[PDB]
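Below: one structure, written as structure tokens.
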Amino acid sequence: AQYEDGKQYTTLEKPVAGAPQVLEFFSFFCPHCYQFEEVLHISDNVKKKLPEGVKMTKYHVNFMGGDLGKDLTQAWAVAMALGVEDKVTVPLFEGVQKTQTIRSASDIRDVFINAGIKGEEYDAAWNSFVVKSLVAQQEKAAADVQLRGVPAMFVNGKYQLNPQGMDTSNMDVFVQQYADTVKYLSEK
Ligand SMILES: COc1cccc(Oc2ccc3c(CC(=O)O)coc3c2)c1
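Per PDB author numbering: the sequence shown = residues 1 to 188.
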């Protein structure tokens, strides 16, 4: 078969009941995740191959970056709560991995301020229980699949993308294979 379990994807031994349709995990510390966002634009190319309105979910993880990694999961919860993911993803990636100007929770806040989020608005969200709940959600989703590495994408809580089984000589061909595999899995 053109798509087969163990090749472009694997099948979770313990399916996760009631998981998002398309669930992506990343870390702002993760070098491949940097490539996935700035160079390959995986999330956008998956979205363009799914039916309009389909829910794509992207969550941050704690297991990279120690203390600052946990701060970044909370800041991503702030980003999701405020709807400003598209405003802070690039400057957070570049702050952690390119310029290395993000060394504290205050430096993370600076990124939001520079992106136009008001300080009182950021601080109110940071300390809110809605954000605490969004942190819990991100952690639970990762725990549900015993997540030990990123980037990762899961489809319907049953299938995990396997990008190691794809040619990488051409960046554009790899992206479309990835997105076509998500589409195929979403139609299973
Ligand atoms: C410029 O960046 C690119 C572009 C195209 C292909 C490519 O190849 C990859 C991408 C991600 C991963 C992972 C994910 C992990 O396990 O961290 C494992 O092997 C990988 C191989 C990298």
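Positions of the beta carbon are idealized from the N, C-alpha and C atoms, including for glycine.
Every beta strand (DSSP E) of 3 residues or more that sits fully in the stretch 6-89 is shown, in chain order, as 9-11, 22-26 and 56-60. Taking 8 Å as the cut-off, the beta carbon of residue 182 is found no closer than this to the beta carbon of residue 96.
If you look at residue 171, you'll find it in the alpha helix (DSSP H) that goes 171-186. The Cβ atoms of residue 78 and residue 115 do not sit closer than 8 Å to each other. Just so you know, the alpha carbons of residue 60 and residue 2 end up roughly 32 Å apart. Rounded to the nearest angstrom, the Cβ distance from residue 27 to residue 111 is 16 Å, too far for a contact under 8 Å. Secondary structure at residue 145: coil, using DSSP grouped into helix, strand and coil. In the three-state DSSP reduction, residue 155 falls in the strand class (E or B). Inclusion of residue 56 and residue 22 in the CB contact set at 8 Å is warranted, their separation being smaller than that value. Here the stretch 2-14 makes contact with the stretch 138-158; the two share three or more CB pairs at distances below 8 Å. Here residue 49 really is in contact with residue 180; their C-beta atoms are around 7 Å apart, less than 8 Å. In this structure, residue 108 sits near residue 102, with a CB-CB distance shorter than 8 Å. For residue 105, the enclosing alpha helix (DSSP H) begins and ends at 105-114.
The set of residues with a C-beta under 6 Å from any non-hydrogen atom of ligand 1 comprises 32, 35, 39, 40, 149, 151, 163, 164, 168, 171 and 174, given in chain order. Per the C-alpha coordinates, the member of 173, 155, 174 and 34 positioned closest to residue 184 is 155.
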